[PDB]
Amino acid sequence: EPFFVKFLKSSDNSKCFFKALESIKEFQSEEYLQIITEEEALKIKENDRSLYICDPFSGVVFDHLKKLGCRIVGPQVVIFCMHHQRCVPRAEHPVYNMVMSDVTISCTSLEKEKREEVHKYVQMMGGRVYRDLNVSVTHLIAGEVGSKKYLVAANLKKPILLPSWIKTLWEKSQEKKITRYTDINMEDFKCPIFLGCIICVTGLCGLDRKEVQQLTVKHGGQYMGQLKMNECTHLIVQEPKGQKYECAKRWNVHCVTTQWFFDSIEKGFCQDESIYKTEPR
């Protein structure tokens, strides 16, 4: 169980850094423990394959150690591992803490930029990233609804959460409020059933029209009174006929039956449009 470590001592550090120094001393002999001055650290030109520990993941020294490929982890990682009696992680990427330690996420319907931001957070918290979905994926970060991946996840009945969940976990992490992803409520971050949809309706009685209107707003979607191109995503129609229908069909907009809208709210996620196509043929 012993492992070779190097602590980096600066002036600013630290609250946890010193909890770590001690925690390790009670765990193993100093033979495995080295303490490095920022000067000493900068001289290193080779990856010892040792374990380096830095409290601030931003700094001239950090950048150097990271560029080399060294294994860097935050003090909170050591404390976490010591207390849970589980081995420290191998740091292909620097791991600041273990809040997200046993979780493996996936992403869909996110701006490439947003995706990368989430990945950096998940990685720095002891989590992994799995683009393709299989048994091992535990959570799906979704920016919107509709993709195949989104549908496969909903079928496997896996938690479909917003990027805010990750941002929250991270932010509540720096600030000493939380130590585990389970400490907050996933429920409050569920991806709205119609998030991303812009729904229009036709041929429904005023009562029904007003119902889908407020149910849409209640589930993250946007309601539009009229069908405008480059603005409407779904047009709820019962049958393949009418001037409005033919126009939506012309714009390549989804024409679906009410069955789609209400089954979505029933099942708890946005249904596949192919199953509810207004047009049979």
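The first residue of the shown sequence is 1; numbering continues from there.
Stretch with the higher entry mean CA B-factor, where the candidates are 171 to 179 and 110 to 118:
The stretch with the larger average C-alpha B-factor is 171 to 179.
Tell me which of 262 to 270 and 8 to 16 has the higher mean C-alpha B-factor in the deposited entry.
If you average the C-alpha B-factors of 262 to 270 and of 8 to 16, the larger mean comes out for 8 to 16.
Among 83, 131, 148, 157, where is the Cα temperature factor highest, going by the PDB entry?
Going by the entry's C-alpha B-factors, 83 comes out highest.
Whose C-alpha has the highest temperature factor in the PDB entry: 56, 225, 220, 242?
Answer for 56, 225, 220, 242: 56, with the highest C-alpha B-factor.
Against its chain's modelled residues, does residue 43's Cα B factor rank lowest, middle or highest third?
Its C-alpha B-factor belongs to the highest third of this chain's values.
Looking at the temperature factor on the CA atom of residue 188, which third of the chain's modelled residues does it land in?
Middle third of the chain for residue 188's C-alpha B-factor.
So where's residue 75 on the chain's Cα temperature factor ranking, which third?
Middle third by C-alpha B-factor.
Residue 94 - Cα temperature factor, lowest/middle/highest third of chain:
Its C-alpha B-factor, which the entry lists for residue 94, ranks in the lowest third among residues of this chain.
Using the B-factor values recorded in the entry, state whether the Cα atom of residue 256 falls in the lowest, middle or highest third among the modelled residues of its chain.
Bottom third by C-alpha B-factor.
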